[PDB]
Every structure is written in structure tokens, then in C-alpha cells.
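A short write-up of the structure that comes next.
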There are 2 protein chains.
Amino acid sequence: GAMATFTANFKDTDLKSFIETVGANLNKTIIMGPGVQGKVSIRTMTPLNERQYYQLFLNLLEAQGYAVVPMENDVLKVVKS
Amino acid sequence: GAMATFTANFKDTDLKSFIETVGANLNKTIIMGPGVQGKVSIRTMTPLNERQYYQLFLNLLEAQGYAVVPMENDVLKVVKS
């Protein structure tokens with residue numbers, strides 16, 4: 001039932017900037033290790049609700065070789081796996 | 001990369017006018033119940049995505065005593081809570 005308003009359409013986008021954008025869109029504080037580097041592409045087929053967008057982000061980062069762990073006070077920390 | 005593009009800058013405007021303006025920005029037709037009245041000022045601090053913007057709207061209205069009910073054909077209904 002939740003509103004489906006989240007989309008992604010990135011081609012060869014800087015991965016750090018992508019992570020920052022997603023974090024902002026999810027109202028999370030982002031902590032990134034210095035190993036977080038490179039490019040990512042992702043295009044949603046249809047709009048997502050917030051939880052589905054969060055799930056996509058997790059599944060994508062895992063596939064990219066990045067570990068993503070929640071920390072106190074609304075933090076997501078992303079580091080090399 | 002361009003979800004977070006909603007903004008608000010309203011000073012001493014009619015609540016009804018504010019509701020209508022949000023509706024237009026969300027491409028939603030507004031249905032208002034009786035006794036929706038007031039004045040509001042509100043300013044976003046950074047640009048918001050649709051979920052964030054809608055939630056800001058809901059939070060503001062709830063503080064005034066109003067609920068929002070999505071309805072069919074891209075309607076938002078605003079009634080006393």
C-alpha cells in the first residue's frame with residue numbers, strides 16, 4: 001500500500017555520489033570508507049516504494065562488493081566488502 | 001539523480017491556497033472538507049523528494065488538525081482529523 005514514488009536512472013555514475021544521493025533520499029546519515037570508489041549503473045523499471053528502494057540499494061551495493069551496515073542515530077556505513 | 005527537486009517557500013498564505021499549491025506540484029486534485037481554514041508559513045531547508053515533500057505536507061496538516069486521504073483518479077482529500 002505505500003506510495004511508489006522512488007526511481008533510479010544512473011549510467012556510469014560516480015559511486016560515492018550515488019550512495020550520497022540514495023542516503024539523502026532515505027533520510028540516512030552516510031559514513032563511507034576511503035575504499036568506496038568506481039562507477040555504478042542502475043535503472044528502475046517501475047517506481048518503487050521506500051522499502052523497495054532501500055532493498056534495491058542494499059542488493060546493488062552487495063553486488064558491487066560493498067558492505068553496508070546500520071549504525072546508531074540513523075547511520076548507514078558503506079565499506080569495501 | 002533528480003528526485004530531490006521539490007521546494008516550498010510560503011509566507012503568510014492561506015492554508016487552502018497552500019494545500020492547492022501542493023496538490024498542483026504533486027499533480028493531484030484536492031478535495032477539501034468543510035472547515036479547512038488557516039494561515040501558514042513554511043520553508044524547506046533543502047530540496048525534497050516526493051515522499052519527503054508529501055510527508056512534510058502531512059505533518060504540517062496534522063498539526064493543524066487535518067488528515068489527508070488519497071483517493072482514486074489522483075485525488076487528495078483533506079478533512080478534519
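Scheme for the C-alpha cells: letters A, B, ... for chains in order shown; per-chain residue numbers from 1; ligand numbers from 1 in order shown.
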Output chain A as a short mmCIF file (atom, residue, chain, number, x, y, z; two decimals) with C-alpha atoms, in the first residue's frame, after least-squares fitting it to chain B on all in-order C-alpha pairs.
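File written: part.cif
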data_model
loop_
_atom_site.label_atom_id
_atom_site.label_comp_id
_atom_site.auth_asym_id
_atom_site.auth_seq_id
_atom_site.Cartn_x
_atom_site.Cartn_y
_atom_site.Cartn_z
CA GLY A 1 18.66 9.17 -6.17
CA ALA A 2 15.51 11.08 -7.24
CA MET A 3 15.92 14.72 -8.30
CA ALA A 4 15.65 17.25 -5.47
CA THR A 5 13.79 20.21 -6.97
CA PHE A 6 10.83 20.79 -4.54
CA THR A 7 10.90 23.70 -2.13
CA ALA A 8 8.36 25.55 0.02
CA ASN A 9 8.54 29.12 1.37
CA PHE A 10 5.26 30.26 2.75
CA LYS A 11 4.68 32.77 5.50
CA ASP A 12 1.12 33.18 6.82
CA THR A 13 -0.20 31.87 3.59
CA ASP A 14 -3.81 30.95 3.18
CA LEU A 15 -4.05 27.31 3.98
CA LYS A 16 -6.50 26.40 1.21
CA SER A 17 -4.32 28.05 -1.41
CA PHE A 18 -1.26 26.23 -0.01
CA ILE A 19 -3.05 22.87 -0.22
CA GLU A 20 -4.11 23.62 -3.83
CA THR A 21 -0.55 24.55 -4.72
CA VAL A 22 0.94 21.42 -3.21
CA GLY A 23 -1.68 19.21 -4.78
CA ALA A 24 -0.93 20.67 -8.18
CA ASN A 25 2.79 20.17 -7.64
CA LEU A 26 2.20 16.45 -6.81
CA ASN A 27 -0.28 15.82 -9.68
CA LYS A 28 -3.13 15.12 -7.24
CA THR A 29 -6.79 16.11 -7.43
CA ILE A 30 -7.68 18.02 -4.27
CA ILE A 31 -10.99 17.68 -2.39
CA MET A 32 -11.32 19.97 0.63
CA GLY A 33 -14.04 20.08 3.32
CA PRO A 34 -15.53 23.46 4.19
CA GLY A 35 -13.74 23.36 7.55
CA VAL A 36 -10.32 23.80 5.95
CA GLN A 37 -9.39 27.35 7.00
CA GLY A 38 -6.62 29.58 8.44
CA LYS A 39 -2.94 30.19 7.72
CA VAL A 40 0.21 28.13 7.55
CA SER A 41 3.89 28.86 7.34
CA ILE A 42 6.56 26.43 6.04
CA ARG A 43 10.10 26.93 4.75
CA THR A 44 12.22 24.05 3.48
CA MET A 45 15.86 24.15 4.49
CA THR A 46 17.03 22.34 1.40
CA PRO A 47 15.43 21.12 -1.80
CA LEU A 48 13.44 17.94 -1.58
CA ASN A 49 12.62 15.13 -3.92
CA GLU A 50 8.98 14.46 -4.74
CA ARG A 51 8.43 11.79 -2.09
CA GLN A 52 10.02 13.96 0.61
CA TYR A 53 7.82 16.91 -0.43
CA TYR A 54 4.73 14.63 -0.20
CA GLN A 55 5.89 13.50 3.26
CA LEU A 56 6.40 17.06 4.39
CA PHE A 57 2.90 17.97 3.24
CA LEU A 58 1.40 15.04 5.16
CA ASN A 59 3.35 15.75 8.30
CA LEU A 60 2.50 19.46 8.16
CA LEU A 61 -1.21 18.94 7.62
CA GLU A 62 -1.36 16.45 10.47
CA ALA A 63 0.30 18.98 12.72
CA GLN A 64 -2.29 21.62 11.62
CA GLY A 65 -5.20 19.55 12.68
CA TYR A 66 -6.11 18.13 9.24
CA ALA A 67 -6.87 14.71 8.14
CA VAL A 68 -5.54 13.74 4.70
CA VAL A 69 -6.80 10.61 2.96
CA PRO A 70 -6.21 9.33 -0.61
CA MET A 71 -9.25 8.57 -2.74
CA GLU A 72 -9.77 6.88 -6.11
CA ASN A 73 -8.43 8.50 -9.23
CA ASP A 74 -5.52 10.46 -7.80
CA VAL A 75 -7.50 12.32 -5.16
CA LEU A 76 -6.31 13.65 -1.85
CA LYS A 77 -9.07 14.78 0.43
CA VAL A 78 -8.26 17.17 3.27
CA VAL A 79 -10.68 17.67 6.18
CA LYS A 80 -10.65 18.88 9.82
CA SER A 81 -9.23 16.07 11.99
#
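Residue-level DSSP output for chain A, from the backbone, shows helix (DSSP H, G or I) at residues 15, 16, 17, 18, 19, 20, 21, 22, 23, 24, 25, 50, 51, 52, 53, 54, 55, 56, 57, 58, 59, 60, 61, 62 and 63 of chain A.
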Just N, CA and C atoms for this one: save the residues we selected as a short mmCIF file (atom, residue, chain, number, x, y, z; two decimals), in the first residue's frame.
data_model
loop_
_atom_site.label_atom_id
_atom_site.label_comp_id
_atom_site.auth_asym_id
_atom_site.auth_seq_id
_atom_site.Cartn_x
_atom_site.Cartn_y
_atom_site.Cartn_z
N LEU A 15 30.16 6.25 -7.89
CA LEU A 15 29.51 5.50 -6.86
C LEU A 15 29.33 6.25 -5.54
N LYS A 16 30.33 7.02 -5.13
CA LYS A 16 30.14 7.81 -3.90
C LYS A 16 28.97 8.76 -4.01
N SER A 17 28.83 9.44 -5.15
CA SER A 17 27.77 10.41 -5.29
C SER A 17 26.40 9.73 -5.30
N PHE A 18 26.34 8.56 -5.93
CA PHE A 18 25.13 7.70 -5.89
C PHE A 18 24.72 7.33 -4.45
N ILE A 19 25.66 6.83 -3.67
CA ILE A 19 25.44 6.48 -2.30
C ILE A 19 24.91 7.69 -1.48
N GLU A 20 25.55 8.85 -1.69
CA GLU A 20 25.11 10.07 -1.00
C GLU A 20 23.69 10.41 -1.40
N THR A 21 23.37 10.26 -2.67
CA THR A 21 22.03 10.60 -3.16
C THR A 21 20.97 9.66 -2.56
N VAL A 22 21.25 8.38 -2.56
CA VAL A 22 20.34 7.42 -2.00
C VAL A 22 20.16 7.63 -0.50
N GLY A 23 21.25 7.82 0.21
CA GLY A 23 21.18 8.08 1.62
C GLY A 23 20.26 9.26 1.95
N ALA A 24 20.45 10.36 1.26
CA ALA A 24 19.63 11.52 1.38
C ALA A 24 18.17 11.19 1.11
N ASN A 25 17.91 10.42 0.08
CA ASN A 25 16.54 10.08 -0.27
C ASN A 25 15.84 9.20 0.76
N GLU A 50 9.33 3.19 -0.65
CA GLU A 50 10.57 3.48 0.07
C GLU A 50 11.30 2.19 0.47
N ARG A 51 10.58 1.20 1.01
CA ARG A 51 11.23 -0.01 1.45
C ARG A 51 11.87 -0.71 0.26
N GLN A 52 11.17 -0.75 -0.88
CA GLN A 52 11.72 -1.43 -2.06
C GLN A 52 12.96 -0.73 -2.59
N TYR A 53 12.97 0.62 -2.49
CA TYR A 53 14.14 1.40 -2.90
C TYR A 53 15.32 1.10 -1.96
N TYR A 54 15.06 1.03 -0.65
CA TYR A 54 16.09 0.64 0.33
C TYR A 54 16.64 -0.77 -0.01
N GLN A 55 15.75 -1.69 -0.34
CA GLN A 55 16.15 -3.06 -0.66
C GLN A 55 16.98 -3.09 -1.91
N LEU A 56 16.59 -2.32 -2.91
CA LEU A 56 17.37 -2.24 -4.13
C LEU A 56 18.78 -1.73 -3.84
N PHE A 57 18.88 -0.68 -3.07
CA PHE A 57 20.17 -0.12 -2.68
C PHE A 57 21.05 -1.17 -2.00
N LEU A 58 20.49 -1.88 -1.02
CA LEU A 58 21.25 -2.95 -0.37
C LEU A 58 21.71 -4.03 -1.30
N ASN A 59 20.81 -4.46 -2.16
CA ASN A 59 21.14 -5.56 -3.06
C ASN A 59 22.16 -5.13 -4.09
N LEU A 60 22.07 -3.89 -4.56
CA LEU A 60 23.04 -3.35 -5.50
C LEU A 60 24.43 -3.21 -4.91
N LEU A 61 24.47 -2.67 -3.71
CA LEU A 61 25.78 -2.44 -3.07
C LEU A 61 26.46 -3.77 -2.78
N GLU A 62 25.69 -4.75 -2.33
CA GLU A 62 26.25 -6.07 -2.11
C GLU A 62 26.84 -6.61 -3.39
N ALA A 63 26.11 -6.50 -4.48
CA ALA A 63 26.62 -6.96 -5.76
C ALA A 63 27.87 -6.24 -6.22
#
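Those residues of chain A that DSSP, working from the backbone, places in strand (DSSP E or B) are residues 6, 9, 10, 11, 12, 13, 14, 29, 30, 31, 32, 39, 40, 41, 42, 43, 48, 66, 67, 68, 69, 70, 71, 75, 76, 77, 78, 79 and 80 of chain A.
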Output file for the residues above (N, CA and C atoms, as an mmCIF file, in the first residue's frame):
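This is the output file part.cif:
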data_model
loop_
_atom_site.group_PDB
_atom_site.id
_atom_site.type_symbol
_atom_site.label_atom_id
_atom_site.label_comp_id
_atom_site.auth_asym_id
_atom_site.auth_seq_id
_atom_site.Cartn_x
_atom_site.Cartn_y
_atom_site.Cartn_z
ATOM 1 N N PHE A 6 9.722 6.321 -5.853
ATOM 2 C CA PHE A 6 11.199 6.252 -5.879
ATOM 3 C C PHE A 6 11.600 5.607 -7.199
ATOM 4 N N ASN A 9 17.974 6.210 -12.100
ATOM 5 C CA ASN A 9 18.367 6.137 -13.511
ATOM 6 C C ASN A 9 19.757 6.700 -13.674
ATOM 7 N N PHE A 10 20.715 5.862 -13.337
ATOM 8 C CA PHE A 10 22.097 6.232 -13.305
ATOM 9 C C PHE A 10 22.831 5.396 -14.299
ATOM 10 N N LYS A 11 23.649 6.071 -15.114
ATOM 11 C CA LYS A 11 24.558 5.368 -16.026
ATOM 12 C C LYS A 11 25.976 5.829 -15.790
ATOM 13 N N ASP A 12 26.828 4.903 -15.322
ATOM 14 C CA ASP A 12 28.255 5.177 -15.086
ATOM 15 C C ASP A 12 28.387 6.367 -14.147
ATOM 16 N N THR A 13 27.585 6.354 -13.084
ATOM 17 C CA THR A 13 27.610 7.442 -12.194
ATOM 18 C C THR A 13 28.627 7.118 -11.110
ATOM 19 N N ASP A 14 29.235 8.178 -10.600
ATOM 20 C CA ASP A 14 30.191 8.018 -9.542
ATOM 21 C C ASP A 14 29.535 7.332 -8.371
ATOM 22 N N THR A 29 22.002 9.125 7.515
ATOM 23 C CA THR A 29 23.376 9.678 7.566
ATOM 24 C C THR A 29 24.327 8.682 6.922
ATOM 25 N N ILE A 30 25.191 9.115 6.017
ATOM 26 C CA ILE A 30 26.074 8.225 5.314
ATOM 27 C C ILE A 30 27.509 8.368 5.810
ATOM 28 N N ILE A 31 28.091 7.248 6.186
ATOM 29 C CA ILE A 31 29.542 7.135 6.502
ATOM 30 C C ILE A 31 30.186 6.240 5.459
ATOM 31 N N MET A 32 31.202 6.717 4.764
ATOM 32 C CA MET A 32 31.826 5.881 3.735
ATOM 33 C C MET A 32 33.325 5.691 4.014
ATOM 34 N N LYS A 39 32.277 3.236 -10.388
ATOM 35 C CA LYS A 39 31.063 3.676 -11.083
ATOM 36 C C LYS A 39 29.977 2.628 -10.958
ATOM 37 N N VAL A 40 28.714 3.054 -11.022
ATOM 38 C CA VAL A 40 27.641 2.122 -10.952
ATOM 39 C C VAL A 40 26.588 2.569 -11.949
ATOM 40 N N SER A 41 25.806 1.621 -12.452
ATOM 41 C CA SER A 41 24.671 1.954 -13.254
ATOM 42 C C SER A 41 23.477 1.242 -12.620
ATOM 43 N N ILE A 42 22.312 1.855 -12.695
ATOM 44 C CA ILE A 42 21.063 1.243 -12.182
ATOM 45 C C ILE A 42 19.897 1.974 -12.756
ATOM 46 N N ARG A 43 18.928 1.258 -13.306
ATOM 47 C CA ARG A 43 17.698 1.875 -13.833
ATOM 48 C C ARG A 43 16.492 1.058 -13.369
ATOM 49 N N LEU A 48 9.173 2.593 -7.244
ATOM 50 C CA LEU A 48 9.247 1.785 -6.042
ATOM 51 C C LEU A 48 8.733 2.545 -4.833
ATOM 52 N N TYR A 66 30.400 -4.132 -1.783
ATOM 53 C CA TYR A 66 30.338 -3.252 -0.624
ATOM 54 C C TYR A 66 29.452 -3.780 0.444
ATOM 55 N N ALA A 67 30.021 -3.627 1.623
ATOM 56 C CA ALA A 67 29.379 -3.969 2.846
ATOM 57 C C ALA A 67 28.644 -2.721 3.394
ATOM 58 N N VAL A 68 27.418 -2.930 3.800
ATOM 59 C CA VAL A 68 26.513 -1.874 4.246
ATOM 60 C C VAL A 68 25.933 -2.224 5.607
ATOM 61 N N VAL A 69 26.303 -1.473 6.631
ATOM 62 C CA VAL A 69 25.820 -1.815 7.976
ATOM 63 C C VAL A 69 25.214 -0.548 8.638
ATOM 64 N N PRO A 70 24.039 -0.726 9.279
ATOM 65 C CA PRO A 70 23.418 0.364 10.030
ATOM 66 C C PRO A 70 24.196 0.644 11.335
ATOM 67 N N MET A 71 24.251 1.924 11.681
ATOM 68 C CA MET A 71 24.860 2.337 12.932
ATOM 69 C C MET A 71 23.939 3.288 13.684
ATOM 70 N N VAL A 75 22.460 6.069 10.878
ATOM 71 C CA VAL A 75 23.646 5.957 10.032
ATOM 72 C C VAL A 75 23.623 4.682 9.199
ATOM 73 N N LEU A 76 24.053 4.811 7.932
ATOM 74 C CA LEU A 76 24.441 3.665 7.153
ATOM 75 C C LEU A 76 25.902 3.880 6.858
ATOM 76 N N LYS A 77 26.698 2.864 7.119
ATOM 77 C CA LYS A 77 28.101 2.902 6.779
ATOM 78 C C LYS A 77 28.407 1.939 5.657
ATOM 79 N N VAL A 78 29.076 2.442 4.613
ATOM 80 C CA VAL A 78 29.383 1.628 3.434
ATOM 81 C C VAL A 78 30.889 1.453 3.340
ATOM 82 N N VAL A 79 31.356 0.207 3.319
ATOM 83 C CA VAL A 79 32.798 -0.046 3.138
ATOM 84 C C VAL A 79 33.036 -1.234 2.178
ATOM 85 N N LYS A 80 34.260 -1.330 1.659
ATOM 86 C CA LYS A 80 34.669 -2.448 0.808
ATOM 87 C C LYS A 80 34.537 -3.785 1.542
#
